[PDB]
file structure26.pdb (PDB, N, CA and C atoms and all ligand atoms)
ATOM      1  N   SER A 722     -13.061  15.830  14.583
ATOM      2  CA  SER A 722     -13.058  15.213  13.231
ATOM      3  C   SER A 722     -11.989  15.840  12.342
ATOM      4  N   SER A 723     -11.429  15.038  11.442
ATOM      5  CA  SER A 723     -10.395  15.514  10.529
ATOM      6  C   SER A 723      -9.978  14.415   9.557
ATOM      7  N   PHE A 724      -9.404  14.817   8.429
ATOM      8  CA  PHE A 724      -8.958  13.867   7.417
ATOM      9  C   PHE A 724      -7.733  13.097   7.898
ATOM     10  N   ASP A 725      -7.859  11.776   7.966
ATOM     11  CA  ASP A 725      -6.762  10.925   8.412
ATOM     12  C   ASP A 725      -5.958  10.402   7.226
ATOM     13  N   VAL A 726      -5.669  11.288   6.277
ATOM     14  CA  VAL A 726      -4.908  10.921   5.094
ATOM     15  C   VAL A 726      -3.410  10.909   5.386
ATOM     16  N   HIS A 727      -3.004  10.080   6.342
ATOM     17  CA  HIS A 727      -1.599   9.974   6.716
ATOM     18  C   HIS A 727      -0.883   8.934   5.860
ATOM     19  N   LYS A 728       0.125   9.377   5.118
ATOM     20  CA  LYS A 728       0.891   8.485   4.258
ATOM     21  C   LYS A 728       1.915   7.699   5.070
ATOM     22  N   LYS A 729       1.776   6.376   5.068
ATOM     23  CA  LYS A 729       2.688   5.511   5.806
ATOM     24  C   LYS A 729       3.572   4.713   4.854
ATOM     25  N   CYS A 730       4.883   4.820   5.039
ATOM     26  CA  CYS A 730       5.833   4.104   4.198
ATOM     27  C   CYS A 730       5.839   2.613   4.544
ATOM     28  N   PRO A 731       5.474   1.748   3.577
ATOM     29  CA  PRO A 731       5.424   0.295   3.792
ATOM     30  C   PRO A 731       6.752  -0.291   4.261
ATOM     31  N   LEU A 732       7.843   0.410   3.980
ATOM     32  CA  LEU A 732       9.170  -0.059   4.366
ATOM     33  C   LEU A 732       9.430   0.148   5.855
ATOM     34  N   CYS A 733       8.721   1.093   6.457
ATOM     35  CA  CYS A 733       8.890   1.380   7.877
ATOM     36  C   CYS A 733       7.543   1.613   8.553
ATOM     37  N   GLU A 734       7.581   2.075   9.799
ATOM     38  CA  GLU A 734       6.363   2.337  10.555
ATOM     39  C   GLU A 734       6.255   3.814  10.922
ATOM     40  N   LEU A 735       6.585   4.682   9.970
ATOM     41  CA  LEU A 735       6.524   6.121  10.194
ATOM     42  C   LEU A 735       5.325   6.736   9.479
ATOM     43  N   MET A 736       4.607   7.606  10.180
ATOM     44  CA  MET A 736       3.438   8.266   9.611
ATOM     45  C   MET A 736       3.768   9.702   9.219
ATOM     46  N   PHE A 737       3.376  10.086   8.009
ATOM     47  CA  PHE A 737       3.636  11.432   7.515
ATOM     48  C   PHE A 737       2.342  12.244   7.434
ATOM     49  N   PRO A 738       2.407  13.549   7.760
ATOM     50  CA  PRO A 738       1.236  14.435   7.731
ATOM     51  C   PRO A 738       0.663  14.609   6.325
ATOM     52  N   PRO A 739      -0.633  14.957   6.224
ATOM     53  CA  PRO A 739      -1.301  15.156   4.934
ATOM     54  C   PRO A 739      -0.608  16.213   4.080
ATOM     55  N   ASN A 740       0.081  17.141   4.737
ATOM     56  CA  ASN A 740       0.792  18.206   4.036
ATOM     57  C   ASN A 740       2.198  17.762   3.632
ATOM     58  N   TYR A 741       2.486  16.473   3.801
ATOM     59  CA  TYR A 741       3.792  15.931   3.451
ATOM     60  C   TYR A 741       3.940  15.804   1.940
ATOM     61  N   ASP A 742       5.020  16.364   1.405
ATOM     62  CA  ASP A 742       5.277  16.312  -0.029
ATOM     63  C   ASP A 742       5.583  14.886  -0.474
ATOM     64  N   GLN A 743       4.915  14.447  -1.536
ATOM     65  CA  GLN A 743       5.115  13.100  -2.059
ATOM     66  C   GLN A 743       6.567  12.878  -2.459
ATOM     67  N   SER A 744       7.171  13.891  -3.070
ATOM     68  CA  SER A 744       8.564  13.803  -3.496
ATOM     69  C   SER A 744       9.450  13.413  -2.319
ATOM     70  N   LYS A 745       9.163  14.002  -1.164
ATOM     71  CA  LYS A 745       9.909  13.705   0.047
ATOM     72  C   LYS A 745       9.634  12.271   0.467
ATOM     73  N   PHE A 746       8.400  11.835   0.238
ATOM     74  CA  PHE A 746       7.993  10.481   0.572
ATOM     75  C   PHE A 746       8.715   9.490  -0.326
ATOM     76  N   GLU A 747       8.873   9.860  -1.593
ATOM     77  CA  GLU A 747       9.568   9.012  -2.551
ATOM     78  C   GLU A 747      11.008   8.804  -2.107
ATOM     79  N   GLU A 748      11.644   9.894  -1.688
ATOM     80  CA  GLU A 748      13.025   9.847  -1.223
ATOM     81  C   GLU A 748      13.141   9.003   0.041
ATOM     82  N   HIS A 749      12.186   9.179   0.947
ATOM     83  CA  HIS A 749      12.168   8.431   2.199
ATOM     84  C   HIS A 749      11.957   6.951   1.915
ATOM     85  N   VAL A 750      10.953   6.655   1.104
ATOM     86  CA  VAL A 750      10.653   5.284   0.726
ATOM     87  C   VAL A 750      11.855   4.664   0.022
ATOM     88  N   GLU A 751      12.482   5.447  -0.851
ATOM     89  CA  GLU A 751      13.651   4.992  -1.589
ATOM     90  C   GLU A 751      14.855   4.861  -0.664
ATOM     91  N   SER A 752      14.859   5.641   0.414
ATOM     92  CA  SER A 752      15.952   5.603   1.377
ATOM     93  C   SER A 752      16.140   4.186   1.908
ATOM     94  N   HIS A 753      15.026   3.497   2.130
ATOM     95  CA  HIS A 753      15.063   2.124   2.633
ATOM     96  C   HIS A 753      15.541   1.156   1.555
ATOM     97  N   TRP A 754      15.362   1.539   0.294
ATOM     98  CA  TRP A 754      15.765   0.698  -0.828
ATOM     99  C   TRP A 754      17.281   0.566  -0.904
ATOM    100  N   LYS A 755      17.738  -0.501  -1.552
ATOM    101  CA  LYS A 755      19.166  -0.741  -1.719
ATOM    102  C   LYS A 755      19.676   0.047  -2.915
ATOM    103  N   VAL A 756      20.547   1.017  -2.667
ATOM    104  CA  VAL A 756      21.069   1.844  -3.747
ATOM    105  C   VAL A 756      22.584   1.766  -3.856
ATOM    106  N   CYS A 757      23.054   1.616  -5.088
ATOM    107  CA  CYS A 757      24.482   1.545  -5.366
ATOM    108  C   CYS A 757      25.100   2.943  -5.311
ATOM    109  N   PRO A 758      26.208   3.111  -4.567
ATOM    110  CA  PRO A 758      26.874   4.404  -4.426
ATOM    111  C   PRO A 758      27.905   4.680  -5.518
ATOM    112  N   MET A 759      28.174   3.685  -6.357
ATOM    113  CA  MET A 759      29.151   3.844  -7.428
ATOM    114  C   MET A 759      28.513   4.427  -8.687
ATOM    115  N   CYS A 760      27.216   4.192  -8.859
ATOM    116  CA  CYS A 760      26.502   4.704 -10.028
ATOM    117  C   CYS A 760      25.218   5.434  -9.627
ATOM    118  N   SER A 761      24.637   5.035  -8.491
ATOM    119  CA  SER A 761      23.407   5.644  -7.975
ATOM    120  C   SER A 761      22.157   4.945  -8.512
ATOM    121  N   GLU A 762      22.176   3.615  -8.517
ATOM    122  CA  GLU A 762      21.031   2.836  -8.983
ATOM    123  C   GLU A 762      20.151   2.451  -7.806
ATOM    124  N   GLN A 763      18.846   2.357  -8.037
ATOM    125  CA  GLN A 763      17.934   1.994  -6.966
ATOM    126  C   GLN A 763      17.446   0.561  -7.126
ATOM    127  N   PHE A 764      17.525  -0.185  -6.036
ATOM    128  CA  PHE A 764      17.087  -1.574  -6.010
ATOM    129  C   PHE A 764      15.954  -1.764  -4.998
ATOM    130  N   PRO A 765      14.790  -2.276  -5.437
ATOM    131  CA  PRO A 765      13.646  -2.498  -4.545
ATOM    132  C   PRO A 765      13.994  -3.438  -3.394
ATOM    133  N   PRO A 766      13.224  -3.377  -2.293
ATOM    134  CA  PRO A 766      13.455  -4.224  -1.118
ATOM    135  C   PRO A 766      13.230  -5.702  -1.415
ATOM    136  N   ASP A 767      12.422  -5.981  -2.433
ATOM    137  CA  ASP A 767      12.129  -7.357  -2.820
ATOM    138  C   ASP A 767      13.241  -7.928  -3.697
ATOM    139  N   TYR A 768      14.134  -7.059  -4.167
ATOM    140  CA  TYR A 768      15.242  -7.483  -5.014
ATOM    141  C   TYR A 768      16.176  -8.422  -4.258
ATOM    142  N   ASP A 769      16.997  -9.156  -5.001
ATOM    143  CA  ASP A 769      17.942 -10.089  -4.401
ATOM    144  C   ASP A 769      19.252  -9.383  -4.067
ATOM    145  N   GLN A 770      19.643  -9.438  -2.797
ATOM    146  CA  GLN A 770      20.877  -8.802  -2.350
ATOM    147  C   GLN A 770      22.072  -9.308  -3.151
ATOM    148  N   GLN A 771      22.017 -10.572  -3.556
ATOM    149  CA  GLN A 771      23.095 -11.168  -4.334
ATOM    150  C   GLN A 771      23.288 -10.413  -5.644
ATOM    151  N   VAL A 772      22.179 -10.125  -6.318
ATOM    152  CA  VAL A 772      22.221  -9.396  -7.579
ATOM    153  C   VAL A 772      22.696  -7.967  -7.356
ATOM    154  N   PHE A 773      22.219  -7.356  -6.279
ATOM    155  CA  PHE A 773      22.605  -5.993  -5.952
ATOM    156  C   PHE A 773      24.093  -5.925  -5.622
ATOM    157  N   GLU A 774      24.528  -6.786  -4.707
ATOM    158  CA  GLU A 774      25.928  -6.823  -4.304
ATOM    159  C   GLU A 774      26.829  -7.055  -5.509
ATOM    160  N   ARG A 775      26.366  -7.875  -6.449
ATOM    161  CA  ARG A 775      27.140  -8.154  -7.651
ATOM    162  C   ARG A 775      27.246  -6.891  -8.501
ATOM    163  N   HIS A 776      26.151  -6.136  -8.563
ATOM    164  CA  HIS A 776      26.116  -4.895  -9.328
ATOM    165  C   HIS A 776      27.014  -3.848  -8.681
ATOM    166  N   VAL A 777      26.878  -3.681  -7.371
ATOM    167  CA  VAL A 777      27.692  -2.713  -6.652
ATOM    168  C   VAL A 777      29.155  -3.126  -6.712
ATOM    169  N   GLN A 778      29.410  -4.390  -6.379
ATOM    170  CA  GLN A 778      30.762  -4.938  -6.406
ATOM    171  C   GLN A 778      31.374  -4.778  -7.792
ATOM    172  N   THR A 779      30.525  -4.835  -8.813
ATOM    173  CA  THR A 779      30.974  -4.688 -10.190
ATOM    174  C   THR A 779      31.656  -3.337 -10.388
ATOM    175  N   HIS A 780      31.286  -2.372  -9.552
ATOM    176  CA  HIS A 780      31.850  -1.031  -9.625
ATOM    177  C   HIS A 780      33.211  -0.949  -8.930
ATOM    178  N   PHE A 781      33.558  -1.980  -8.164
ATOM    179  CA  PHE A 781      34.834  -2.008  -7.456
ATOM    180  C   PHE A 781      35.901  -2.712  -8.287
ATOM    181  N   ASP A 782      35.465  -3.619  -9.157
ATOM    182  CA  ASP A 782      36.384  -4.362 -10.012
ATOM    183  C   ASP A 782      36.562  -3.672 -11.364
ATOM    184  N   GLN A 783      36.317  -2.364 -11.400
ATOM    185  CA  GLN A 783      36.453  -1.595 -12.631
ATOM    186  C   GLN A 783      36.182  -0.115 -12.381
ATOM    187  N   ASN A 784      37.160   0.724 -12.705
ATOM    188  CA  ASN A 784      37.027   2.164 -12.516
ATOM    189  C   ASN A 784      36.851   2.875 -13.853
TER     190      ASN A 784
HETATM  191 ZN    ZN B 801       9.811   4.427   5.221
HETATM  192 ZN    ZN B 802      26.078   0.626  -9.346
END
call {"tool": "encode", "arguments": {"input": "structure26.pdb", "output": "structure tokens"}}
result
Amino acid sequence: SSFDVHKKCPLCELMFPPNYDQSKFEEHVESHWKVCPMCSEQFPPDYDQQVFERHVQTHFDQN
């Protein structure tokens, strides 16, 4: 017997131990999210790639 409090990231199929730091989970979960490298913005998986690409691309048409 033991606590099965395994945190599973909805974005993937990976199971994390109960001693897993939430902060690390946030980063992992966010890792799957669409993030702009020109400013460092986070875009949810449900977001529209068109809007994201426009935002990221917006960073290429202006320095
Ligand atoms: Zn994940
Ligand atoms: Zn950006």
call {"tool": "select_by_dssp", "arguments": {"input": "structure26.pdb", "residues": "chain A", "states": "helix (DSSP H, G or I)", "output": "JSON, numbers by chain"}}
result
{"A": [743, 744, 745, 746, 747, 748, 749, 750, 751, 752, 753, 770, 771, 772, 773, 774, 775, 776, 777, 778, 779]}
call {"tool": "resolve_selection", "arguments": {"input": "structure26.pdb", "expression": "the PyMOL selection byres (((not hetatm) and name CA) within 12 of (chain B and resi 802))", "output": "count of residues only"}}
result
23
call {"tool": "residues_near_ligand", "arguments": {"input": "structure26.pdb", "ligand": "ligand ZN 801 (chain B)", "cutoff": "6.5 Å", "atoms": "all atoms listed in the file", "output": "list in words"}}
result
residues 729, 730, 731, 732, 733, 734, 735, 749, 750 and 753 of chain A
call {"tool": "atom_distance", "arguments": {"input": "structure26.pdb", "atom1": "atom N of residue A:727", "atom2": "atom CA of residue A:746"}}
result
12.4 Å
call {"tool": "atom_distance", "arguments": {"input": "structure26.pdb", "atom1": "atom CA of residue A:751", "atom2": "atom CA of residue A:769"}}
result
15.9 Å
call {"tool": "atom_distance", "arguments": {"input": "structure26.pdb", "atom1": "atom N of residue A:771", "atom2": "atom CA of residue A:728"}}
result
29.5 Å
call {"tool": "select_by_dssp", "arguments": {"input": "structure26.pdb", "residues": "chain A", "states": "strand (DSSP E or B)", "output": "PyMOL selection string"}}
result
chain A and resi 728-729+736-737+755-756+763-764
call {"tool": "closest_residue", "arguments": {"input": "structure26.pdb", "among": "A:754, A:765, A:725, A:770", "to": "residue A:738", "atoms": "only N, CA and C atoms"}}
result
A:725
